[PDB]
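Structure first, commentary second.
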Amino acid sequence: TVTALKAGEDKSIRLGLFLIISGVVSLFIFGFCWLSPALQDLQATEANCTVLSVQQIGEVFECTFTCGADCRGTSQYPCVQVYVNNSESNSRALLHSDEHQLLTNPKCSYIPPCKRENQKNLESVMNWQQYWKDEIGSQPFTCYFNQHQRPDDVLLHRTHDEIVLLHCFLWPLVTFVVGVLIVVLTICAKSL
Amino acid sequence: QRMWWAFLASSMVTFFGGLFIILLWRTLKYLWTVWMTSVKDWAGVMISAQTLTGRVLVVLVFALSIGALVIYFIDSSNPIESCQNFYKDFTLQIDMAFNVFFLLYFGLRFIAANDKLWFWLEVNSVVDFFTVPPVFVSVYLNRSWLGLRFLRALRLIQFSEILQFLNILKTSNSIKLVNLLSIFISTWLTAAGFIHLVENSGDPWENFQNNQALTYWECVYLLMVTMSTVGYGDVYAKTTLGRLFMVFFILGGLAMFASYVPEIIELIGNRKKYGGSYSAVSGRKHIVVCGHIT
Amino acid sequence: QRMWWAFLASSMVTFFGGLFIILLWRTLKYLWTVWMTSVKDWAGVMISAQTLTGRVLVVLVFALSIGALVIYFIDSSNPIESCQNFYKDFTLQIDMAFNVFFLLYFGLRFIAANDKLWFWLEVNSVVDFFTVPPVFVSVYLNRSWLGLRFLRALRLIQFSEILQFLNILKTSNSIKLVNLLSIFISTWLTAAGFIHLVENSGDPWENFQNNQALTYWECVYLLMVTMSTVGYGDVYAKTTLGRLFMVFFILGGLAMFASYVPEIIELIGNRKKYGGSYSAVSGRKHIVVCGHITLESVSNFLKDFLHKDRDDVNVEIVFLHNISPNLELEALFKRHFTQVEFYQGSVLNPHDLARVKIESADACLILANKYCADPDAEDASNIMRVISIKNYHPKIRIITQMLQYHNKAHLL
Amino acid sequence: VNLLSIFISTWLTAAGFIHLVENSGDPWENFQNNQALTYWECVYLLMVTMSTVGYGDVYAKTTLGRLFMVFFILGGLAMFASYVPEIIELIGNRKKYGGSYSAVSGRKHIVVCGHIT
Amino acid sequence: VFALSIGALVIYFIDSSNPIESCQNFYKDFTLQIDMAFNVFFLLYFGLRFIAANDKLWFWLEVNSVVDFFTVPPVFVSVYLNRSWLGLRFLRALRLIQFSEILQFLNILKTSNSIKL
Ligand SMILES: CC(C)CCC[C@@H](C)[C@H]1CC[C@H]2[C@@H]3CC=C4C[C@@H](O)CC[C@]4(C)[C@H]3CC[C@]12C
Ligand SMILES: [K+]
């Protein structure tokens, strides 16, 4: 036979304490590590920037394409530079698709996806160029513009998504709650 | 395809239910106010380490565990995507076969459990609901996913005990050395699998673009070169998560070295200076000086 | 902008006045020839570590110190210049808030000082006038500057003491381990902050053009990889100042390792082999073999108690001894690995007797050494053991070896 | 102070040897493989090496430099093996208590003499 | 056997330092004569060790015996081909295990600690 010896415990309040500690440290690490992409996202505000002019500079830039089997080939594409005008700032600025495109090449306002054939890449440039010549001046649309670090740059797409920022932040918060319930529910069992 | 979140979710979900319900059951002395013994005995009669049926099923869980690691080393060595159809590592049949047994053995361990909550919080139990459910989602999707299946290598902790009941090795120092080698291999392979998994997809912050295309073998090598302190820097973790884990694995290995060398490793290092017979001298006569040698 | 010299100057300036005046005051016995007690007592009544008001303000200085490091890790992770206006790390308010307290607490420590100069030359005091004034210049400029604020991490030296008054941890070995971990973390974070600060601006000699654009996190990593002697050389200090400091930090870490491992770390590494109760074995009966545990006695007892010819029986055997199973563990273990445990506590100590849960035992069995020099002494020791067991729990069966017949009368 | 002095002397001697060996190239390539490094980069390299950190940001390129470097690794290891167990261990452990009870203002004072247990 | 073993390592260090292929004809490391000379003795000494063997199987399974039929036959194929091949001849360096014993019978060193070192 056995007494309150049957309770034991050990591997429950201990686990609960490790769960709260893991939860608080994880969100504390993510806090120091997400401020920068969150800062960059908040630094860009919403404006109604308008396309002011597209011209064809004629420069040629090299891109790297992969076939999945560690292909290291490089192909060439024409450079397209488009200058936009801000709505509330009325300042001429350089268009860019996205952050990736900007940091890989800021001379060209678009980089089409790298193609194995130069002719296909040129056709995609003429295709995208036609899909950008129709909307010039009028019809302002949702636009992202930075006026702190890159006043002459304008992005069509956002650098980051709140969905992954939230999706990684919710887990340590619930992990802390799961630690707290295991601690207090163990103390509730320990009484009787 | 984005459904890879559901595989790890299915593990965590089973864990969740486990920690909530098993503790909630042991509360409120008054049940309400205002067959179990037979099945428990039938489950526990086999689980005895001294019994023949228990020692031979423990060899089994260990052999199937190594088999799960062999096939893990096969698929972990592939590219991130492949046409899995005509030859997917001997199909969904071998994918289910080991965990059809381990799920039955996890059920057996739970009905065999004699102190409910403690059975769940044994470290030997925790790894089972981590390795089992992700494959049960893989078979539902009929598409293999590199999961946390490398944690199954933690069954190697038992290798000293089976060498003791199979009576292959007998010296206590030998059993301690085999124990230490087994735990060192298990932690090395676990930590190498963690770094591989952390480097397979990039850091979250750069939208997974800073990913290092390295094999599990380059990964387990790196950790040997690091924990031995050689550190060639020909390969190193590029990711910030990889670094954060790498500083933790340096500190865990240093802690284990500090907590193991003065206690067990030093004792194992010094052994008997003399033993065995005078043998391998043909034809001669032989005498023993007995008594007081000085 | 070049005014960053004034921030470090404002620290050094306060230090200067401190070392000159506090010593100049204690000179010339003849004052001239040809209320202080009350305020000192009011300041020092709170400063007592045993008093409740002092222990809770010491938790405060420590919590605010960590808060100052958290925000330090936030800004130190930024670029060298940013538009600090609409969102400057929760503004000048949090910039002042911690050091508005630490300046008051530095003033409190100075009016609380009981040996003037010594109060200033305590290492715990020196760091305060290094971390406090640079921020007071930052608020006057209304523009953040990465200063020597990482030195605040040196308050982590106190973490062992607060764990002792808050009564979370009790073992002396645990307190020493927490002390060592805390000092190791503090020196690692201080030396990492020094290397970060030295690499933020280039060497003077190349007009600051050889500057390495690395984070505090790459910097603290580098120092771990270095002090562990791994040294991947994926990152290393490029600057000549960085190298000069790096050779110094290698030598300081080596000196600390040489002066700490043989003294404290070795003692912490070896701990108790046995402790805690026999617990986590459901349903069974329980007995403790009390008294003289030695290899022969237990070898012949266990071989009969657990011979496998009793059929309907459990294992039980808890064991208890005061001089430990030094040789028993290699010469025999307990003839089982998973079952039959060993308590390092004595039979006479009530706390150790509670550790075995003697009240829940079916019996205590007392073994005697037949090979004793004085049979009477051994018998009287076993009677003393019987007396202690009966005193702790009157209702328990005891079985006992007596070496001499006349001694059985004392049990009655 | 003796040990610190001998350690500094051997470190500075071996650093000067490596500097001198790297100032002019190897003979075999007609002195064209010469590394343009200062005595300060050289003495640094040897600290990073003898502490076993080994960043490989700087290393001897010459074959003579390597041959000396393997010798200096072996001499430093030999000195560490022949000095730590003998003298350095004894220096590491010192007195636990010494000096007066001083730096306590105003109070009274008594000494418990005799048998402390 | 020890001196010839070192001689076999010296010539091993010579050829192992060459490119993977060379015109081996007018000057192939002092020709097939020195290639055979050492192992003409070691093959005779392996035969001598086998006829000298006093416990047949144990003689073969001595680690000192195992290395001989690893280093000897590859060179006997090299001379049949009249073309040098980088083989496992470096295993001959395992004869250096005996160096302590010869220092003991030649009576150069006498202290037990010196012999252990
Ligand atoms: C306290 C800690 C250890 C709890 C563990 C939290 C883990 C499981 C969480 C934290 C951050 C999470 C990641 C954050 C972001 C994404 C992107 C999203 O589109 C899919 C899921 C994914 C890839 C998450 C996977 C799970 C994740 C790694
Ligand atoms: K290294």
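Protein chains in written order, with the entry's author numbering: chain E, 36 to 227; chain A, 19 to 52, 93 to 352; chain B, 19 to 52, 93 to 470; chain C, 236 to 352; chain D, 119 to 235. Just so you know, even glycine gets a beta-carbon here, dropped at the ideal spot from N, CA and C.
Do residue i and residue j have their C-beta atoms closer together than 7 Å?
i              : j              : result
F188 (chain B) : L209 (chain B) : yes
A82 (chain E)  : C149 (chain E) : no
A126 (chain A) : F164 (chain A) : no
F211 (chain E) : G58 (chain E)  : yes
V305 (chain A) : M282 (chain B) : yes
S202 (chain A) : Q142 (chain A) : yes
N440 (chain B) : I454 (chain B) : no
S123 (chain D) : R207 (chain D) : no
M104 (chain B) : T95 (chain B)  : no
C348 (chain B) : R413 (chain B) : no
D292 (chain C) : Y294 (chain B) : yes
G51 (chain E)  : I222 (chain E) : no
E257 (chain A) : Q267 (chain A) : no
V190 (chain A) : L166 (chain A) : no
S218 (chain A) : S240 (chain A) : yes
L191 (chain E) : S124 (chain E) : no
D76 (chain E)  : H202 (chain E) : no
Residue i: buried (16+ other C-beta within 10 angstroms of its C-beta) or exposed?
i              : result
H379 (chain B) : buried
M30 (chain B)  : exposed
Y332 (chain C) : exposed
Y429 (chain B) : exposed
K46 (chain E)  : buried
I308 (chain B) : buried
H350 (chain C) : exposed
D153 (chain D) : buried
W275 (chain C) : exposed
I146 (chain E) : buried
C422 (chain B) : buried
Could you tell me which of the options sits nearest to residue i, measuring between CA atoms?
i              : options                           : result
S230 (chain B) : B:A295, B:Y336 and B:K330         : B:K330
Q182 (chain E) : E:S126, E:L62 and E:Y145          : E:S126
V181 (chain A) : A:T287, A:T273, A:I215 and A:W50  : A:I215
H394 (chain B) : B:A295, B:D434, B:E417 and B:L364 : B:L364
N449 (chain B) : B:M460, B:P137 and B:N407         : B:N407
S88 (chain E)  : E:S144, E:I198, E:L227 and E:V213 : E:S144
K174 (chain D) : A:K343, A:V339 and A:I345         : A:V339
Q111 (chain E) : E:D133, E:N156 and E:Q90          : E:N156
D147 (chain D) : D:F160, D:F159, D:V128 and D:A121 : D:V128
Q151 (chain A) : A:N200, A:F120, A:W178 and A:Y130 : A:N200
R301 (chain A) : A:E321, A:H254, A:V288 and A:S335 : A:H254
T245 (chain A) : A:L325, A:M314 and A:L204         : A:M314
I169 (chain B) : B:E139, B:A101, B:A107 and B:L115 : B:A101
Considering only DSSP beta bridges, list what residue i is partnered with.
i              : result
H195 (chain E) : None; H195 (chain E) has no bridge partner.
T458 (chain B) : B:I424
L129 (chain E) : E:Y118 and E:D188
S88 (chain E)  : E:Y118
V95 (chain E)  : E:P113
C348 (chain B) : B:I424
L378 (chain B) : B:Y401
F315 (chain A) : None; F315 (chain A) has no bridge partner.
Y279 (chain C) : BP columns for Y279 (chain C) are empty, so no partner.
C178 (chain E) : E:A82
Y145 (chain E) : E:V115
Starting from the N-terminal side, write out each stretch of the alpha helix (DSSP H) that is 4 residues or longer and does not extend beyond the segment 126-186 of chain D.
149-170 and 175-179
Which residue spans inside the segment 188-254 of chain B form an unbroken beta strand (DSSP E) run of at least 3?
none
In chain order, what are the residue ranges of uninterrupted alpha helix (DSSP H) at least 4 long that sit wholly in the segment 54-85 of chain E?
none
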